[PDB]
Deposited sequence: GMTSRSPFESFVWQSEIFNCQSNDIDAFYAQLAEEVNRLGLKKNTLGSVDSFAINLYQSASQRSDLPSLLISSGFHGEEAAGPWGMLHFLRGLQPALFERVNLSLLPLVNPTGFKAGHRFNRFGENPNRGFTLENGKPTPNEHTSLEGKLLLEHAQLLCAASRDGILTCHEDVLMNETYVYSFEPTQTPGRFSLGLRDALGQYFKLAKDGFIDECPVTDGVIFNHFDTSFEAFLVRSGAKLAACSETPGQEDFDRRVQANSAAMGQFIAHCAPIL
């Protein structure tokens, strides 16, 4: 038993974005500018409280190119993820899409994001229950399971934060005994920004990696469903917000470098 409430709200100022971290209208406005510029096609998977839960993809998936998914914003206190993706998108040109079918799920929990807390506004954890209790958002994602499995065949990265942490770590899944270059490259990217953590649910973190720990999360679901490689980065929430934005963007850049190399 712990005294730290999952219902607690957390908010930061961003100098990169010149707004507060829970400024969901600004988020959607900036995101839309980037997806327009990059020629990405919006697929709305659902909506709650007037906020769309969108998947963005290339106008066409090419069979010869790897298919990668990056997701974030399952937990509303973990705001560096969705803003990290926006920072990442700002850095990209359309040429990236000639070598990879990149899919983006920037913000799964907009009601939690708006209020700066982990749950949606109905008290549910959107990153639990995937096997197929799920949250409303989880159910809407599961209505598009086949589309999401297609999108993540060659790899999935989820960008989380551990709000009370000062150190960083990564969860990883590979079809091997021991972590390889995929896992260690991600760890190293995160490690440029923060000190590595040296337990999650009785499971030890070893050299900043938690390896092949299956639970009912979206990422474990996609691995059981066939994704070749998966990771969940965890930036420390007790550190500087704009540095967390930078670190998330850097994890994403490394994921793409490993999985869709030049």
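Absent C-alpha positions map to the deposited sequence ranges 1, 134 to 142, 209 to 210, 275, in order along the chain.
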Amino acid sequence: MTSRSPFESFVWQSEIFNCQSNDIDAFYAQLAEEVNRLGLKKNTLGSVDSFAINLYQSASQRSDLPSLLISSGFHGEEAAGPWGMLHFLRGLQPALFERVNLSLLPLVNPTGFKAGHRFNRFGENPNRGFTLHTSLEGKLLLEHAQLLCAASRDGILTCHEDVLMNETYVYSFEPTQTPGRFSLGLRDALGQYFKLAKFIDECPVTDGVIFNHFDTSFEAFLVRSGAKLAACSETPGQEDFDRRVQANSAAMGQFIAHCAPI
From here on, numbers count along this sequence of modelled residues.
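When the two stretches 56 to 64 and 233 to 241 are set side by side, the higher mean Cα temperature factor goes to 56 to 64. Placement of the Cα temperature factor of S135 within the chain: middle third of the modelled residues, per the deposited record.
Per the PDB record, residue ranking by Cα B-factor puts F182 in the middle third of the chain.
Ranked against the other modelled residues of its chain, the C-alpha B-factor of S14 as given in the entry falls in the highest third. In the deposited entry, the Cα temperature factor of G123 sits in the top third of values across the chain's modelled residues. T176: CA B factor in the highest third of modelled residues in this chain (values from the PDB entry).
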